[PDB]
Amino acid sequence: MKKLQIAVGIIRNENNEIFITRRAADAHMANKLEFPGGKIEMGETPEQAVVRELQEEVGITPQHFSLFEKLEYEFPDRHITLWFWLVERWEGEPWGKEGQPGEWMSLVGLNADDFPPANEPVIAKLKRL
């Protein structure tokens, strides 16, 4: 099947809230909550991809971020490797730059069932921080 490398950014403010967007109804993992991110392209690194994806999707440039978790997940029709970057400093103010819903969500209130199932261990690990 299809095999993808995906970089996403966990955007955390100083109030323990995360900037979360919601995927379109016609997308893979439709209507799910998500960390902004996307496919790592040929000729770019995982670090470059999370910067580019956050610039495109929510209008911020991550800086001094760290790899929170890397994991693989087998969906029904595709295999992806997810790079979860913890982003605690950035230039700009995140918004729905691609017209998608986005809002700040308390970390304690996140419900893993609202996200793709691949995110389950990451959401749990974030809550222990």
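Start at 1 and count along the sequence shown; that's the residue number.
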Higher mean Cα B-factor in the deposited model: 41-49 or 59-67?
59-67
When the C-alpha temperature factors are averaged for each of 117-125 and 18-26, which stretch ends up with the higher value in the entry?
117-125
Have a look at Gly92, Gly102, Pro36, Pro76 and flag the one whose Cα has the highest B-factor in the entry.
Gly92
How does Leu82 rank on Cα B-factor within its chain, lowest, middle or highest third?
middle
Here the Cα B-factor of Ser106, set against its chain, lands in the third termed lowest
